[PDB]
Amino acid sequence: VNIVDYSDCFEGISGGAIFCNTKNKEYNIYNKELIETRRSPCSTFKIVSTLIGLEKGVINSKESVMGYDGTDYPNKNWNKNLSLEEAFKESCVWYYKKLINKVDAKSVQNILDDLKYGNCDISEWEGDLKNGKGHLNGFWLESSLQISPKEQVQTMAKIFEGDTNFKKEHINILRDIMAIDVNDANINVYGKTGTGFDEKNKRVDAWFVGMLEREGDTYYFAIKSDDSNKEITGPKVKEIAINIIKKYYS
């Protein structure tokens, strides 16, 4: 473990970051207390739920559809029979709720246990119903399931280094749909945003989790904000993550 100071890239926002290179097995850690604290993964869970759906055959490729039924939603891009790739990039909750509700709870429990996915607590399957949002809820959305940024990186490394039983074909679909454009062709960046608000503590859960490939080296990373400013979202933390990557990992 190497303690580092990325505060310049956070532009005043409360947060932490952890980067792990598995070739030399060292973590670079900014704000160790936060990096070790379990929080709801929010939509960063879509990394794992995609793999669960592929493993169980609910979906099969980046084209796979979930049978849109015409329900009206405010985001125009949710109002269609969108593919896995666009559901992942739009963070489309109905697609992923329908996907996971096709999988039995014991299969999910055992997969999370195998991945050491934080507290592996899916006891509140329907999620945080007190927020009034009904079926737009689940155990991974400010609910029972909690994971630390460090555990996120450890899970990411296990998956994408080939250390799980997930099919390589399925890992490669995830890599495809997680790729992001960072206006720098000499690095490959992959990840997923997550946005939630922790009502009990009045702090955001804003995430960007993924990996970086740069000339032979691979780094697994998790950037997390716990700021009390409700305007801090997953996409904002993704901007911070890209600034860290360009300043310190080029």
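We number the residues from 1 along the sequence you see. Heads up, when I say rigid core I mean the largest set of C-alphas that superpose within 1.5 Å between the two forms.
Segment of greater CA departure in 5 other deposited structures of this protein, 26-34 or 187-195, core superposed: When 26-34 and 187-195 are compared in 5 other deposited structures of this protein, 26-34 lies farther out.
Mean Cα B-factor comparison, 179-187 or 60-68, giving the higher one as deposited: Averaging CA B-factors over each stretch, the winner is 179-187.
Stretch with the higher entry mean CA B-factor, where the candidates are 37-45 and 200-208: Going by the record's values, the stretch with the higher mean is 200-208.
Modelled-residue ranking by C-alpha temperature factor, third containing residue 223: Residue 223: CA B-factor falls in the middle third of its chain.
CA B-factor placement of residue 53, once the chain's modelled residues are sorted into thirds: Residue 53: CA B-factor falls in the lowest third of its chain.
For residue 165, the third of its chain into which the C-alpha B factor falls: Tercile = highest for this residue's CA B-factor.
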